[PDB]
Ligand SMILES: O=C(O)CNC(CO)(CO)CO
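Here's a solo chain for you in structure tokens, the form deposited without the ligand.
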């Protein structure tokens, strides 16, 4: 017979690096909102691969785009032109109303590109002396595992044992306008990079007016507002961008994950000419960035998001989901938070009972969620879920919670 779940666990333990401690479940099939393991058990996916499958697993239109393009051409490198990249660039720039896009593959590559753009713009446009440019980040931020990304982190597990760290990165508290103003008193600050909702920190939603104030402060002090929407963008929070909830237009928008529906690593950096063109030919890029296969996939994924009106569905069903989650008793769940279909709950962890055990029992009851910090549980199903499926999942959550 084929491998069992424990066979798969043991094989990975033997031949793979131990850089993850995943939830004990071995998936082999995904379709829409559902996942199946090698034993044939069916699960609601309430993580959505950290929003990479906002469109559901293996969405047939994105799958068809990939299958169609793979027989024609997949990679020429950027040493030559392919016929697909410009179509995708026009589509996405007109969709988000920026002059230009720079394509990359992973989220952390988009963040590194944004840091390089901010620095080059600080030196060549703002007039900062080389190399004194600073980039400000918010405590609790997460945007990857490169040495640069962990150099801006306040999480010891990310940076411990990996120094020395990148200079020129400053950290202020999240959701703190006065701290940002104080930080931006320094004319050598080139940019402020921030998530409109901090996902990895436990779905931390800042107060109303925070993004508006960030925009005002960055514009006043000639500082680039970099909005990291790699997790929050593309309809997950109920809008094309979480930033849309306050009509805020960042200087640089970072997109990823759902940009491909999970079929290909695609990320994007969006900004206007005065920022984008500070990087001259030969000064940045990557081998797979902007390849025709990923571009076909991304066009199809964006089209799925727009056609099926997934942002509106996420807004409505997230209202329903948060309202049902708040019905849970306050001595088992202390906080419910989120926007759209990016939500989390906080349990009052005991020494006996924590979020990992709750997620194990949810797994046993047919729903897959991931815990965080030992007391946070994220609930983020694909945006193609319907109300009846959502209510079945909600009753599963209720039964599992109050079954302890």
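Numbering follows the first chain given and starts at 1. By rigid core we mean the largest C-alpha set that fits within 1.5 Å across both forms.
- Across the superposed structures in 9 other deposited structures of this protein, aligned by the core, the stretch whose Cα atoms lie more distant on average is 159-167, chosen from 159-167 and 266-274.
- Taking 349-357 and 60-68 in turn, the stretch whose Cα atoms are more displaced from the shown form in 9 other deposited structures of this protein following rigid core superposition is 349-357.
- The PDB entry reports B-factors from which the mean C-alpha value can be compared for 68-76 and 224-232; the larger average falls on 68-76.
- Once the C-alpha B-factors are averaged per stretch, 313-321 and 115-123 rank with 313-321 first.
- Looking at the C-alpha B-factors along this chain, the one for residue 327 belongs to the highest third.
- When all modelled residues of the chain are sorted by CA temperature factor, residue 333 is found within the highest third.
- Residue-level temperature factors show residue 285 in the middle third of its chain, judged at the C-alpha atom.
- In this PDB entry, the Cα temperature factor of residue 156 sits in the top third of its chain's modelled residues, the highest group.
- For residue 292, the recorded CA B-factor ranks within the middle third of the chain. Only modelled residues enter the ranking.
As for the form solved in complex with the ligand, it is not shown, yet the points below apply to it.
- In the bound PDB entry, the ligand stays beyond 4.5 Å of every heavy atom belonging to residue 264.
- At least one heavy atom of residue 169 is located within 4.5 Å of the ligand in the bound PDB entry.
- Contact check for residue 162: every heavy atom lies farther than 4.5 Å from the ligand in the bound PDB entry.
- In the bound PDB entry, at least one heavy atom of residue 151 sits within 4.5 Å of a heavy atom of the ligand.
- With the ligand omitted here, the record of contacts in the bound PDB entry names 169-177 of 318-326, 213-221, 169-177, 304-312, defined by a heavy atom within 4.5 Å.
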